[PDB]
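Working notes, structure below.
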Amino acid sequence: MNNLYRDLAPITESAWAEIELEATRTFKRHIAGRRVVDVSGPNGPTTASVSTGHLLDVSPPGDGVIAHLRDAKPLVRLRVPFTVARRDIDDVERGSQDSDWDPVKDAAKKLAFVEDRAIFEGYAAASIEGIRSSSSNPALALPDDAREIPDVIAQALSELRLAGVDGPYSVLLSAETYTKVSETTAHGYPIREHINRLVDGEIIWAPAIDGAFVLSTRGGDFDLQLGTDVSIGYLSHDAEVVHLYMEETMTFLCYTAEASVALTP
Amino acid sequence: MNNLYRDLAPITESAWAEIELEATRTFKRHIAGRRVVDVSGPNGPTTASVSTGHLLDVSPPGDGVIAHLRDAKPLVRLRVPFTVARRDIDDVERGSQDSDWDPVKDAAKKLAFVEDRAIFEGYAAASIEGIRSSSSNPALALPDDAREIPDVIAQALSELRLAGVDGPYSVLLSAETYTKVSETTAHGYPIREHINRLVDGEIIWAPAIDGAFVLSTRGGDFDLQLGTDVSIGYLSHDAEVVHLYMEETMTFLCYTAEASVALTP
Amino acid sequence: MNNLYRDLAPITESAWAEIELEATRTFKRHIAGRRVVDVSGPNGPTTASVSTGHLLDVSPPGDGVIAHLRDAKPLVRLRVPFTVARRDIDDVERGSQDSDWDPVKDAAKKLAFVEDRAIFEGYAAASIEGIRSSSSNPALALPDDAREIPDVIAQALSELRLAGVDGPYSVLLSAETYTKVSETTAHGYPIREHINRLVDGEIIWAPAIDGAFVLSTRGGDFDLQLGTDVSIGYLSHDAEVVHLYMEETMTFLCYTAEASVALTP
C-alpha cells in the first residue's frame with residue numbers, strides 16, 4: 001500500500017468510486033488557476049522543490065573559493081481532512097444514489113479555494129508570490145456599479161497592450177463579482193456577455209479570488225508545479241465515521257511580471 | 001556553447017587536454033570522500049536541491065487546512081578560479097612537455113580540499129552537516145605519539161562494533177597524521193601498516209581533514225550528491241593570461257549517524 | 001493473511017522493505033550461534049517439539065503393560081515487540097534515506113541476544129540446556145590481562161584434543177572480551193590475531209555470550225531447531241506509532257558434550 005492507506009479504510013470499491021467522483025467533480029468546478037496557468041504534471045512523491053535556476057550568495061567555505069547556493073522553491077503539501085459517515089458508505093452497495101457526500105464536496109471546495117488563493121493571492125509562508133503581487137502592471141479598482149465593470153476591464157486590457165503581451169486574454173472573476181455581472185443586464189444581455197465581447201479568451205468563474213484578474217494565456221508565464229495531484233487518503237475510523245483527507249503537493253511560480261492585471265474588489 | 005565558455009578561451013585543443021589531465025590527476029590524488037561515500041552521479045545543471053523526504057511545519061493558508069513544507073537540501077556551487085599563462089598554452093602545440101600547470105594543480109587541490117572539508121568537517125553556510133558533527137559515536141582523541149595511534153584506532157573500531165555496523169572499515173587519515181604514522185616505525189614496519197592490520201578496508205590519505213575518521217563502507221550511509229561534476233570553464237583573457245575556474249555543484253548528506261567515528265588532532 | 005497481520009499495518013511496501021532490511025542486517029551482525037551450530041531449517045508454524053528419540057518411564061495404564069512416554073523438547077516462541085513512528089514510515093515513499101529505524105535495530109539486537117544466550121548460556125524455563133552447561137570439558141577461566149588470553153585458548157584446545165574431537169576449531173568471544181583482545185597489541189599485532197594463529201576456524205564476535213567458547217564445527221554436535229525463522233508481525237497502531245514485533249520459534253539441542261570448552265569472564 002502507499003501513503004494513502006486506502007486498503008485500511010472501511011470503504012467499499014463502489015463507495016470509493018462515488019467519493020472520488022464527487023471529489024473530482026467539485027474540484028474541477030471550483031478550480032480556476034489550472035484553466036489559465038501552465039500545469040507541470042505530477043512529478044512524484046519524491047519531488048520536494050522546483051529549481052528556479054538562480055544562484056544565491058553564501059559565505060565561502062575557504063579562501064580563494066567562490067560559493068553560490070542554488071535557489072529552489074519548496075513545494076507545500078496541502079491537506080484538507082474530512083469526515084464521512086459509515087452509513088453513507090454502506091448504503092452504496094445497497095444501491096443508494098443519495099449518499100451524503102457533502103463533506104467530500106466541502107473538502108474538495110476547500111482544497112480548490114486554497115490552491116487558487118495561492119496562485120492568485122499568494123501563500124507567503126510557502127514562499128508562493130501570487131499573480132497579484134508578481135504583477136508589474138498597475139492594479140485597477142473594480143467599480144461598485146456593474147455597468148462600469150466592462151469599462152475597467154478595457155482599461156486592464158490597455159495595460160496588457162502597453163506591456164507588449166499578446167495571446168488570448170482571459171478574465172478571472174471573483175464570486176461576488178461574477179454574481180454582480182451576471183445578475184445585471186444591459187441592452188437585453190447580462191454584463192458578463194459585455195466582457196465576453198472584449199476578450200478573445202474565456203470568462204472564468206473564479207470563486208476563490210478577490211476582485212478580478214485579466215491575464216494572458218499565451219503560455220510560459222505562470223507555472224503550477226505539482227509534485228502529486230489531488231489524492232484522497234485515509235486516517236482513521238470509529239464505528240460511525242471514516243476520517244479521510246484531500247491532499248495536494250504543489251507550488252506556483254510566476255515568470256512574467258507583465259502578463260497580468262489584478263483588480264481590487 | 002555551454003556555461004563553460006571554452007570556445008571563447010584562447011586555449012588550443014592540445015593545451016586543453018593537458019590542463020584537464022593535470023586537473024583530473026590532481027583532483028583524484030587529493031580527494032578522499034569519494035572513495036568512501038556513495039556518489040550520486042551528476043544529475044545535470046538544472047538540479048538545485050536534494051529531497052530529504054521530510055515535512056516541515058508551516059502556518060496554514062486557511063482554516064481547516066494542514067500545510068507542510070517539503071524539506072530539501074540545496075546544492076552549493078564551488079568555484080575555484082585560476083590563472084594560466086598564455087605562453088604555457090602556446091608552448092603545447094610547439095611540443096613542450098614542461099608547460100607550467102601549477103596553478104591548475106593548485107586550483108584542483110583547493111577544490112578537492114573544499115569538497116572533502118565539506119563532507120567530513122561540514123560547510124554550515126550551505127547547510128552541509130559533515131560526518132564529524134553527524135556522528136553519534138563518541139569522538140576519540142588522537143594521541144601525540146604515533147605508537148599509541150593504532151590503539152586509539154582499535155578503540156574507534158570498538159564503537160562501530162557497539163553501534164551494530166558491519167562492512168569493510170576504512171580509515172581516513174589527515175595529512176599531518178598520515179605523515180606521523182608513515183615516518184615512524186615499529187618492529188620493522190611503519191605505523192600505517194599496523195593500522196592496515198586492524199581494518200579490512202583501506203587506509204586513505206585524506207589531506208583535507210583534521211584528525212582521523214574510521215567509518216563503514218557498507219553503503220547507504222553517506223551520500224555525495226553531484227549536480228555537475230568537476231568542470232573547467234573560461235572567464236576572460238588579456239595578452240599574457242587566461243582566467244579560468246574549477247567548478248563543482250554538490251551537497252553532502254549523512255544518513256547513518258553511527259557509521260563513523262571522528263578523531264581529533 | 002497470516003498470523004503476522006502485515007496487511008493491517010499502515011506501512012507501505014517501501015517502508016516494509018526498509019524495516020526488514022534493517023532487521024536482517026542487524027540480526028545477522030549480532031548473531032553468532034548460527035555461524036557455528038547446525039541449523040535445522042524452519043519446519044513451519046505447526047511444529048511444536050523436537051523428538052529426542054528417548055523414552056520416559058510412566059506408570060502403566062494396566063497390568064501386564066509396559067508404558068513409555070516419548071521424550072520431546074518443546075519449542076519456545078520468542079517475541080520482541082518494538083515501536084515505529086509513522087512519520088518515519090511516511091517519509092520512505094517521499095524518498096527519505098534517514099528514516100529512524102533504531103527501534104527496529106534495538107529489537108533485532110535483542111532477539112539476536114536472546115537466541116545466542118539460549119544456545120550458549122541456556123534458557124532453563126524452555127528446557128534449553130546451553131552449550132556451557134552441556135559441556136563435559138572442564139571450564140577455563142579467562143585471565144584479566146589480554147596477553148594471557150591466547151594461552152588459555154591453547155589450554156581450551158588441549159581439552160578438545162584430549163576429548164577426541166577433530167574439525168575446524170572456532171572461537172566465540174564475548175563483547176567485553178573481543179574488545180580486550182582487539183585493543184591490545186603484541187609484536188605489532190592485536191591479540192585477536194594471536195588467537196587466529198592458534199585455530200584453523202574463525203574468531204567469532206559473540207556479543208551476547210559471557211566469557212568465551214572454543215568448539216568444533218565438524219557438524220552433528222549442536223542443533224538449532226527452528227520452527228519459524230525471524231519474522232516481523234503487526235500488533236496495533238495509533239496516529240503516531242505502529243506497534244510491531246520480532247518473532248522467532250526455536251529450540252536448541254546439544255548432542256555432543258565434549259565438543260566445546262566454556263570460559264568464564
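Chain labels run A, B, ... following the order of the C-alpha cells; each chain numbers its residues from 1, and ligands are numbered from 1 in the order shown.
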Could you produce a table of the residues of chain B lying within 9 Å of chain C, with the nearest pair of atoms per residue and their separation in Å rounded to one decimal, using only C-alpha atoms, ordered by chain and increasing residue number, as CSV?
residue,atom,partner,partner_atom,distance
B:51,CA,C:95,CA,7.1
B:52,CA,C:96,CA,5.3
B:53,CA,C:96,CA,4.1
B:54,CA,C:91,CA,5.9
B:55,CA,C:91,CA,8.1
B:150,CA,C:183,CA,8.5
B:151,CA,C:183,CA,5.8
B:152,CA,C:183,CA,7.9
B:153,CA,C:183,CA,8.4
B:154,CA,C:183,CA,5.0
B:155,CA,C:183,CA,6.2
B:157,CA,C:183,CA,8.9
B:158,CA,C:179,CA,6.3
B:161,CA,C:175,CA,8.8
B:162,CA,C:175,CA,8.6
B:164,CA,C:26,CA,6.6
B:165,CA,C:29,CA,7.6
B:166,CA,C:29,CA,6.7
B:186,CA,C:188,CA,7.0
B:187,CA,C:188,CA,6.5
B:189,CA,C:188,CA,8.5
B:191,CA,C:188,CA,8.8
B:194,CA,C:188,CA,6.3
B:197,CA,C:189,CA,7.0
B:198,CA,C:190,CA,7.5
B:220,CA,C:97,CA,7.9
B:221,CA,C:98,CA,8.5
B:254,CA,C:98,CA,8.1
B:255,CA,C:98,CA,4.7
B:256,CA,C:98,CA,6.7
After a least-squares superposition on chain A over all sequentially paired C-alpha atoms, what is chain B as a CSV table (one decimal) with C-alpha atoms, in the first residue's frame?
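To be explicit, this is the file written out as selection_23.csv:
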chain,number,residue,atom,x,y,z
B,1,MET,CA,0.0,0.0,0.0
B,2,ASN,CA,1.0,3.6,-0.4
B,3,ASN,CA,0.9,6.6,1.9
B,4,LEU,CA,-2.8,6.9,1.2
B,5,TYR,CA,-3.7,3.9,3.3
B,6,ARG,CA,-6.9,3.2,1.4
B,7,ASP,CA,-6.9,-0.5,1.9
B,8,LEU,CA,-7.1,0.1,5.6
B,9,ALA,CA,-10.3,2.2,5.2
B,10,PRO,CA,-13.7,0.5,5.7
B,11,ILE,CA,-14.9,1.9,2.4
B,12,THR,CA,-16.1,-0.4,-0.4
B,13,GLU,CA,-14.9,-0.3,-4.0
B,14,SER,CA,-18.3,1.3,-5.1
B,15,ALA,CA,-18.2,3.8,-2.2
B,16,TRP,CA,-14.7,4.8,-3.1
B,17,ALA,CA,-15.7,5.4,-6.7
B,18,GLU,CA,-18.6,7.6,-5.5
B,19,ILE,CA,-16.3,9.6,-3.2
B,20,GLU,CA,-13.7,10.2,-5.9
B,21,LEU,CA,-16.4,11.1,-8.4
B,22,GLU,CA,-17.8,13.8,-6.0
B,23,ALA,CA,-14.2,14.9,-5.3
B,24,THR,CA,-13.1,15.3,-8.9
B,25,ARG,CA,-16.4,17.0,-10.0
B,26,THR,CA,-16.3,19.5,-7.2
B,27,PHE,CA,-12.6,20.3,-7.5
B,28,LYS,CA,-12.9,20.8,-11.3
B,29,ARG,CA,-15.9,23.1,-10.7
B,30,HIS,CA,-14.2,25.3,-8.2
B,31,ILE,CA,-10.7,25.5,-9.6
B,32,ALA,CA,-9.8,28.3,-11.9
B,33,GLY,CA,-6.0,28.7,-12.0
B,34,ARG,CA,-5.5,25.3,-13.8
B,35,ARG,CA,-7.6,26.6,-16.7
B,36,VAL,CA,-5.2,29.6,-17.3
B,37,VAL,CA,-1.8,28.7,-15.9
B,38,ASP,CA,0.6,26.1,-17.3
B,39,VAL,CA,0.5,22.9,-15.2
B,40,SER,CA,3.7,21.0,-14.9
B,41,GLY,CA,2.4,17.5,-14.2
B,42,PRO,CA,2.8,15.3,-11.1
B,43,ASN,CA,6.5,14.6,-10.8
B,44,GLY,CA,6.0,12.1,-8.0
B,45,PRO,CA,6.1,11.9,-4.2
B,46,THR,CA,9.9,12.4,-4.1
B,47,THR,CA,9.7,15.9,-5.6
B,48,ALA,CA,10.4,18.5,-2.9
B,49,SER,CA,11.4,21.6,-4.8
B,50,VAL,CA,11.4,23.4,-8.1
B,51,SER,CA,14.8,24.7,-9.4
B,52,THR,CA,14.5,28.4,-10.2
B,53,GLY,CA,17.8,28.4,-12.0
B,54,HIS,CA,19.2,31.3,-9.9
B,55,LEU,CA,22.3,31.5,-7.6
B,56,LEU,CA,22.3,32.8,-4.1
B,57,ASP,CA,25.4,34.3,-2.4
B,58,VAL,CA,26.7,32.4,0.6
B,59,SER,CA,29.8,32.9,2.7
B,60,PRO,CA,32.7,30.9,1.2
B,61,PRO,CA,34.0,27.7,2.8
B,62,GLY,CA,37.6,28.9,2.5
B,63,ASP,CA,39.9,31.3,0.8
B,64,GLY,CA,40.1,31.7,-3.0
B,65,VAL,CA,36.7,29.8,-3.3
B,66,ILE,CA,33.5,31.4,-4.6
B,67,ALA,CA,30.4,29.7,-3.3
B,68,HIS,CA,26.9,30.1,-4.6
B,69,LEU,CA,23.8,28.4,-3.3
B,70,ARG,CA,21.3,27.0,-5.8
B,71,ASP,CA,17.9,28.7,-5.4
B,72,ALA,CA,14.8,26.5,-5.3
B,73,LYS,CA,11.2,26.9,-4.5
B,74,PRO,CA,9.9,24.3,-1.9
B,75,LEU,CA,6.7,22.5,-2.6
B,76,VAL,CA,3.9,22.7,0.0
B,77,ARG,CA,1.6,19.8,0.9
B,78,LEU,CA,-1.9,21.0,1.5
B,79,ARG,CA,-4.1,18.6,3.4
B,80,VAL,CA,-7.8,19.1,3.9
B,81,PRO,CA,-9.3,16.4,6.3
B,82,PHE,CA,-12.9,15.4,6.1
B,83,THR,CA,-15.3,13.1,7.9
B,84,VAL,CA,-17.6,10.6,6.1
B,85,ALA,CA,-20.4,8.7,7.8
B,86,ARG,CA,-20.1,5.0,7.5
B,87,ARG,CA,-23.8,4.6,7.0
B,88,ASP,CA,-23.5,6.5,3.7
B,89,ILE,CA,-20.6,4.2,2.8
B,90,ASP,CA,-22.6,1.0,3.5
B,91,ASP,CA,-25.7,2.4,1.6
B,92,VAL,CA,-23.7,2.5,-1.7
B,93,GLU,CA,-23.5,-1.3,-2.2
B,94,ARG,CA,-27.2,-1.5,-1.3
B,95,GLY,CA,-27.8,0.7,-4.3
B,96,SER,CA,-28.3,4.1,-2.8
B,97,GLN,CA,-27.9,7.1,-5.0
B,98,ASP,CA,-28.4,9.8,-2.4
B,99,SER,CA,-25.4,9.0,-0.1
B,100,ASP,CA,-24.3,12.1,1.8
B,101,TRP,CA,-21.1,13.3,0.2
B,102,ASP,CA,-21.4,17.0,1.2
B,103,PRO,CA,-18.2,16.7,3.5
B,104,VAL,CA,-16.4,15.3,0.4
B,105,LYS,CA,-17.7,18.3,-1.5
B,106,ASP,CA,-16.8,20.8,1.3
B,107,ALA,CA,-13.3,19.4,1.4
B,108,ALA,CA,-12.9,19.5,-2.4
B,109,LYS,CA,-14.1,23.1,-2.5
B,110,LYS,CA,-11.7,24.0,0.4
B,111,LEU,CA,-8.7,22.5,-1.4
B,112,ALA,CA,-9.7,24.2,-4.6
B,113,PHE,CA,-10.0,27.5,-2.8
B,114,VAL,CA,-6.6,27.1,-1.1
B,115,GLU,CA,-4.9,26.3,-4.4
B,116,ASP,CA,-6.4,29.2,-6.3
B,117,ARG,CA,-5.8,31.7,-3.4
B,118,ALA,CA,-2.2,30.6,-3.5
B,119,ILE,CA,-1.9,31.1,-7.3
B,120,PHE,CA,-3.6,34.4,-7.4
B,121,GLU,CA,-3.4,36.0,-3.9
B,122,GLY,CA,-0.2,34.3,-2.8
B,123,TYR,CA,0.8,32.0,0.1
B,124,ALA,CA,3.7,33.8,1.8
B,125,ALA,CA,4.6,31.1,4.3
B,126,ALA,CA,5.2,28.6,1.4
B,127,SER,CA,7.1,31.4,-0.5
B,128,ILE,CA,4.4,31.5,-3.1
B,129,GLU,CA,4.2,35.0,-4.5
B,130,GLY,CA,0.8,35.1,-6.2
B,131,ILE,CA,-0.1,36.6,-9.5
B,132,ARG,CA,-1.4,39.8,-7.8
B,133,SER,CA,1.9,40.6,-6.1
B,134,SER,CA,4.0,39.4,-9.1
B,135,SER,CA,2.1,41.7,-11.4
B,136,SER,CA,4.2,44.7,-12.7
B,137,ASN,CA,1.1,46.2,-14.3
B,138,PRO,CA,-0.8,48.7,-12.2
B,139,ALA,CA,-3.8,47.5,-10.2
B,140,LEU,CA,-7.2,48.7,-11.3
B,141,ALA,CA,-10.1,49.2,-8.9
B,142,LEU,CA,-13.3,47.3,-9.8
B,143,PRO,CA,-16.2,49.8,-9.6
B,144,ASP,CA,-19.2,49.3,-7.3
B,145,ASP,CA,-21.8,49.5,-10.1
B,146,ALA,CA,-21.8,46.6,-12.6
B,147,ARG,CA,-22.2,48.8,-15.7
B,148,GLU,CA,-18.8,50.4,-15.2
B,149,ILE,CA,-17.1,47.0,-14.8
B,150,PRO,CA,-16.5,46.3,-18.6
B,151,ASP,CA,-15.0,49.8,-18.8
B,152,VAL,CA,-12.4,48.9,-16.2
B,153,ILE,CA,-11.8,45.5,-17.9
B,154,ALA,CA,-11.0,47.5,-21.1
B,155,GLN,CA,-8.5,49.6,-19.0
B,156,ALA,CA,-6.9,46.4,-17.8
B,157,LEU,CA,-6.6,45.2,-21.4
B,158,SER,CA,-4.9,48.5,-22.3
B,159,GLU,CA,-2.2,47.7,-19.8
B,160,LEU,CA,-1.5,44.3,-21.3
B,161,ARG,CA,-1.3,46.1,-24.7
B,162,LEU,CA,1.2,48.6,-23.2
B,163,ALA,CA,3.2,45.8,-21.8
B,164,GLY,CA,3.6,44.0,-25.1
B,165,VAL,CA,1.9,40.7,-24.3
B,166,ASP,CA,-0.2,39.0,-27.0
B,167,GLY,CA,-2.2,35.8,-26.6
B,168,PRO,CA,-5.8,35.1,-25.8
B,169,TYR,CA,-6.8,37.3,-22.9
B,170,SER,CA,-8.8,35.5,-20.3
B,171,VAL,CA,-10.7,37.2,-17.4
B,172,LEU,CA,-10.9,35.7,-13.9
B,173,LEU,CA,-13.9,36.9,-12.0
B,174,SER,CA,-14.4,36.6,-8.2
B,175,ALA,CA,-17.6,35.0,-7.0
B,176,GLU,CA,-19.2,38.2,-5.7
B,177,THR,CA,-18.0,40.0,-8.9
B,178,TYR,CA,-19.3,37.2,-11.2
B,179,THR,CA,-22.7,37.4,-9.5
B,180,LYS,CA,-22.7,41.2,-10.0
B,181,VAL,CA,-22.1,41.0,-13.7
B,182,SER,CA,-24.5,38.0,-14.3
B,183,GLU,CA,-27.5,39.4,-12.4
B,184,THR,CA,-27.3,42.8,-14.0
B,185,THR,CA,-28.3,43.4,-17.6
B,186,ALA,CA,-27.8,46.0,-20.3
B,187,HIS,CA,-29.4,46.1,-23.8
B,188,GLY,CA,-31.0,42.7,-23.3
B,189,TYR,CA,-27.9,41.0,-22.1
B,190,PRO,CA,-26.0,40.3,-18.8
B,191,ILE,CA,-22.9,42.4,-18.1
B,192,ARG,CA,-20.8,39.2,-18.3
B,193,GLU,CA,-21.6,39.0,-22.0
B,194,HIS,CA,-20.3,42.5,-22.4
B,195,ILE,CA,-17.0,41.3,-21.0
B,196,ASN,CA,-17.1,38.4,-23.4
B,197,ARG,CA,-17.2,40.9,-26.3
B,198,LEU,CA,-14.0,42.5,-25.1
B,199,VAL,CA,-11.6,39.5,-24.8
B,200,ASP,CA,-10.9,36.6,-27.2
B,201,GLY,CA,-10.5,34.1,-24.4
B,202,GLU,CA,-12.7,32.8,-21.7
B,203,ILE,CA,-14.6,34.4,-18.8
B,204,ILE,CA,-13.6,32.2,-15.8
B,205,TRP,CA,-15.7,31.8,-12.7
B,206,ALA,CA,-13.0,32.1,-10.0
B,207,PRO,CA,-14.8,31.8,-6.6
B,208,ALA,CA,-11.6,31.8,-4.5
B,209,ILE,CA,-10.0,35.0,-5.7
B,210,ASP,CA,-10.7,38.6,-4.7
B,211,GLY,CA,-11.6,41.2,-7.3
B,212,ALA,CA,-10.7,40.2,-10.9
B,213,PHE,CA,-7.7,39.1,-13.0
B,214,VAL,CA,-7.0,39.8,-16.6
B,215,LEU,CA,-4.1,37.8,-17.9
B,216,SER,CA,-2.6,36.2,-21.0
B,217,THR,CA,-2.8,32.5,-21.9
B,218,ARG,CA,0.0,32.6,-24.4
B,219,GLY,CA,1.9,30.2,-22.2
B,220,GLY,CA,5.2,30.3,-20.4
B,221,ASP,CA,4.2,33.0,-17.9
B,222,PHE,CA,2.6,31.1,-15.0
B,223,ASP,CA,3.6,27.7,-13.8
B,224,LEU,CA,1.7,25.5,-11.4
B,225,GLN,CA,4.2,22.8,-10.3
B,226,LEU,CA,2.5,19.6,-9.0
B,227,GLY,CA,4.5,17.1,-7.1
B,228,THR,CA,1.5,14.9,-6.5
B,229,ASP,CA,-2.0,15.7,-7.7
B,230,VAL,CA,-5.2,15.7,-5.7
B,231,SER,CA,-5.5,12.4,-3.8
B,232,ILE,CA,-7.8,11.1,-1.1
B,233,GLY,CA,-6.1,9.2,1.8
B,234,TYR,CA,-7.3,7.5,4.9
B,235,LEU,CA,-6.6,8.5,8.5
B,236,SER,CA,-8.7,6.5,11.0
B,237,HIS,CA,-12.2,5.2,11.7
B,238,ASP,CA,-14.6,4.5,14.5
B,239,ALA,CA,-17.9,2.7,14.2
B,240,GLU,CA,-19.8,5.6,12.7
B,241,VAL,CA,-17.1,7.7,10.8
B,242,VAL,CA,-14.2,7.3,8.5
B,243,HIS,CA,-11.7,10.1,8.7
B,244,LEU,CA,-10.2,11.0,5.3
B,245,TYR,CA,-8.3,13.8,3.8
B,246,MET,CA,-7.8,15.6,0.5
B,247,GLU,CA,-4.1,16.1,-0.3
B,248,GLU,CA,-2.1,18.1,-2.9
B,249,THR,CA,1.6,18.9,-3.1
B,250,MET,CA,2.2,22.0,-5.2
B,251,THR,CA,4.0,25.3,-5.7
B,252,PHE,CA,3.3,28.1,-8.1
B,253,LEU,CA,5.8,30.2,-10.0
B,254,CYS,CA,5.1,33.4,-11.9
B,255,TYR,CA,7.7,34.0,-14.6
B,256,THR,CA,6.3,37.0,-16.5
B,257,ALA,CA,5.5,40.0,-14.3
B,258,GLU,CA,3.7,42.0,-17.0
B,259,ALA,CA,1.3,39.2,-18.3
B,260,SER,CA,-1.5,40.0,-15.8
B,261,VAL,CA,-3.6,42.8,-14.3
B,262,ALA,CA,-5.1,42.5,-10.9
B,263,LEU,CA,-8.3,44.3,-9.9
B,264,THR,CA,-9.3,45.0,-6.3
B,265,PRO,CA,-12.9,44.4,-5.1
- Query: Got a sec to tell me which of range 161-249 of chain A DSSP assigns to alpha helix (DSSP H), as an MDAnalysis selection string?
  - Reply: chainID A and resid 161:163 175:182 191:196
